[PDB]
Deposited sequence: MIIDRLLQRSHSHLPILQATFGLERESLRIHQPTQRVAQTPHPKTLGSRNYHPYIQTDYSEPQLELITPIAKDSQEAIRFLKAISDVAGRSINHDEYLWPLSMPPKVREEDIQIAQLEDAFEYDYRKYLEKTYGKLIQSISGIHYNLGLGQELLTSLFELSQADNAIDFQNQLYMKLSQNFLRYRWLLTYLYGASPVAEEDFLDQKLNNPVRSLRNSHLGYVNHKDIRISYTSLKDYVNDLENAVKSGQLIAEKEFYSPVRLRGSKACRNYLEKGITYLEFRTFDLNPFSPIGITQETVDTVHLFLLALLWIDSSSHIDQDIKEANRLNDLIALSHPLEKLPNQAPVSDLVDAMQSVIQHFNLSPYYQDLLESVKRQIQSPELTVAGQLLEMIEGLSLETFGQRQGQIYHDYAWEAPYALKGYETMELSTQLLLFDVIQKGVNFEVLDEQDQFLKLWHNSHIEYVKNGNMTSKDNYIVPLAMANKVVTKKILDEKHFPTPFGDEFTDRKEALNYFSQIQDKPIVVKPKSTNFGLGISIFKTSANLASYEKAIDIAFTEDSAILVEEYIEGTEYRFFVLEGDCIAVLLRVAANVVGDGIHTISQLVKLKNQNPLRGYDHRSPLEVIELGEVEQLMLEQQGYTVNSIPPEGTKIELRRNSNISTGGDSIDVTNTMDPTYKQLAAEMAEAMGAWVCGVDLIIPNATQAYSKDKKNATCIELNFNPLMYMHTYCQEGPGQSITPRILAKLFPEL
C-alpha cells in the first residue's frame, strides 16, 4: 500500500539483520544410510548450543548462525559453523546435501534425544499427527529483519502513530507479497526434483522442480486457514485455529512471523523480524546456499516493498501458481500467467532508484538469464545429475566431496582464514563447544565470548583474565620481565639493550672476553643479527652494532649461551608441550636435484603458499642460494644420501623452518622449570623459551644447565599442535575448557 519508495535515496534500503539456519541429515557412508547414531560427543550439549543442534530426528543436524550485519557476515557464519560441524561429525558419516532424504526409513527416523520432557511430548505429538517420515526432509531458513534506521526513516514519512503499529503494517505487507511472488524464488532455486521413497506414486508423474515446496510435501491441515489481511486477522485466525497447534509452532507457513513468543503476545511489542523458509538445500554449495542467492533474495524481498487488491484472494491464487511452478518439470519454462515483468521491473526500479551497487545489477541480470534458458536454474544443473529418477548416486558423490572439503585445511576455520591461526583454532573450539561469541575486532584478534551470565574477553588467542596484571603491562618489555625473573633467582642471560649507540662501547667495556650476541630488537630471521661466539674485537663489535642500526632503531646486546633452543608452552601451572625449531633444510636422495627436493617437501599440505598455514613453503631465494653455494652445493646440484643441506642460516617457521614436537622426549626437569618461571610472572598462558645445551641430562642450578632466553605472553599456539615432525598436542581446547569449567 504505502509508497516510501518515493523516499530519498540517501536512505539505506540495504540495512538489515540476517540470520541463517541450516538442517542436514547425517549420512553413514558405508551403510549409504542415515547415521542412526547419537549426536557427537565432541559437540556441546544440545541443551545450550546456539549454533549446532538437531531439528526433529537425531540424525537431522541443524546449524544456526548468530545474527549478522551483512548478508556477507551471515554467510561466513554459516561457513564456519558448517566447518565445525564437518570436522566434529564421525569420520564415517557425512552431510547430506539434498533437501530430499537419501532413503526412507520410518524406523531410522527416531525422535532426537532431548533432556527436556516437554520437548519429547511435542515431538511425539508431532510424530503422531504427520508421521516420522516427513520430519526427515531438510532445508535452509532465511531470517531477515529491517534496520531500525531504515524503519525509523520510513516511519517518519508515512505517519506518526506507532513504532510497533507501523512495523507491523510493513512486516505484514512483506509477508503477503512474499507469499504472492514466492513462486519466483522457488523457481530460481528449486532443489527437489524427486524422492527415492517419500513420494508414494509420482515416478510416473516424473521429475518436478521442487517437491519440498510442493503441495504434496509437508502441507498438512489443508482445512486449516489463516487470513493474512491484517496482523489481527492472522493473529485471531491463528489462536482460534488451535487444532493445528495441538502453541502456534505447529503452524507451517512459507514465511513465519518471529521474535514474538506467542502469536499476538507481541502484537503489542512489534514483529521483531520475518523468517523465510522457501529455500531448499542446494547441492552445489557446501554450506547449502550462495551469497548471490542470499543477496538476490534480498533485493527480491526488497522489490516487494516497492511493489506494495485482496490479500486473501491473491495469496490463495499464488499457491496455485507456486505449486504449479514447483510441480513443473525443471527444464519447463515459467507460465505465461506469472507476473514476471512486475517483479523484475520492481527490483530494477529499486536499484535504479537507490543508486545500488553494480553487484546487484549483476544479480538481476543473472536472474533474467535463467528466465531466458531454464537449465541455468538450480534445477537445470540438477537435472543432468539425477539418474534413473534418483539423485542418490549424486548425493553420495557430493556429500563425500564436501566432507573432504571440511577436512581440507583442518587448521583453518572456513569462515575466518584471514585471522591468526591461533585465534582460528580457539574460535573452532568455541563454535563446537557451544560458547557464544562476538569477534569484537577481528583485525586485533579480539573476541568476546560468553556462556549465559559469564563473559570472557580474549585477545590473540591466549590473552585472558587469568593472566596476572603484570603480564599485559610487561608484555612488550622483555627487559622488565628479565628483572622480576632475575629478582626471583632464575637463570638469565646478561644482556642489556642500548639505544642510538649511546655509549654502547661502554657496554663493550662491560662485556669483552665473554661470548656476545648482537641483534636489533626487531629480531627477524636475522637479516641484521650479528653473533660472535668468539669474544668481539672492538672494531668487529662496532660494525656489528652498526648493522643492527641499519636493520632497526634499537640495538640489543646479549650474552651468548651455547645450547639448543626449545619452546615450552605453559598452561595454568603445567608445561603442556615442548617444541624444537630448525632452519629450513632438505635431506639428499641420490636421485634428486636440490630444487626437486624442495618442491617435494613443499608438497606438504601444512606448508601454505596461497593461504597462511602451520608451515611455510621453502623458496630457493637469493638468501637461500647463497647458503647453498656456501655448503658448496647449488640449486641444481644433487646431494648425497642422508646429507642434510641447510637452506636458511637461522631457524624460523616463517623462513620455511621445521617445527618438531619434543614434548615426550624432553627431560621433565626443564618442563618443570618452564612452569615455575611462568608461575613467577603469574602468566597463565605464557610460552617459555629455554636455551638447553643438554636436553637428555637433568637440569641443576649448580650446573647452570639452562638459561631462559625469552618469555612470550602471547605464545603462538598452533605451532605446537601442527608440526612438521612429531605428534603435537592440543592446546586450544584446554584453555577454553579451563576458561569455562561449566561448559
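- In this entry, the deposited residues absent from the coordinate set span 1-3, 250-251, 314-315.
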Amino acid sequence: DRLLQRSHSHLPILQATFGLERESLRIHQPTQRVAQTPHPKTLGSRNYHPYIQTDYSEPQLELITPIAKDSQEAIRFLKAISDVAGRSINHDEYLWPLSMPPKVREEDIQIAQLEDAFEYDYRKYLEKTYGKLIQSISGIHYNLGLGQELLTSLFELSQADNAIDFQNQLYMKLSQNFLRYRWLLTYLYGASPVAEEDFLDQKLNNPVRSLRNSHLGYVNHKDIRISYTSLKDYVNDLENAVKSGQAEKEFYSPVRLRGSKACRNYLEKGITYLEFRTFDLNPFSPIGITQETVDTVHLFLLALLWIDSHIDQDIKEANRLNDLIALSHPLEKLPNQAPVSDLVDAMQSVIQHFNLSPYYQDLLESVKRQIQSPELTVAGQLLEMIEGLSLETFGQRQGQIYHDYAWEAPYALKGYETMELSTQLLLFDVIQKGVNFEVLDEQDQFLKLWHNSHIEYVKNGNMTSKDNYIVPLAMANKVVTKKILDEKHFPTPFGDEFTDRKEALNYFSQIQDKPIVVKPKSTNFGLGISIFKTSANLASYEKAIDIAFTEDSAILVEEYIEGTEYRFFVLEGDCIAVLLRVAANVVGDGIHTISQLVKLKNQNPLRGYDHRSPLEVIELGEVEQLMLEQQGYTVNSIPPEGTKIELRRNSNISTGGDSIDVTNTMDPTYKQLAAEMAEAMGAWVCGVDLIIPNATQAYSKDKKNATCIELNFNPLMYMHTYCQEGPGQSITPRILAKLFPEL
From here on, numbers count along this sequence of modelled residues.
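- In this entry, 226-234 shows the higher mean Cα temperature factor of the pair 226-234 and 292-300.
- Higher mean CA temperature factor between 705-713 and 51-59: 51-59, per the PDB entry.
- Of the residues listed, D312, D441, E456, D280, the entry assigns the biggest Cα temperature factor to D312.
- Per the PDB entry, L321 shows the highest C-alpha temperature factor of the residues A583, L321, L144, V587.
- Among the modelled residues of its chain, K69 has a C-alpha B-factor that falls in the lowest third, as given in the PDB entry.
- Ranked by Cα temperature factor within the chain, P614 sits in the lowest third according to the deposited record.
- Annotation for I470: CA B-factor lies in the lowest third of the chain's modelled residues.
- Among all modelled residues in its chain, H39 ranks in the middle third by Cα B-factor.
- The deposited CA B-factor of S45 belongs to the lowest third of values across its chain.
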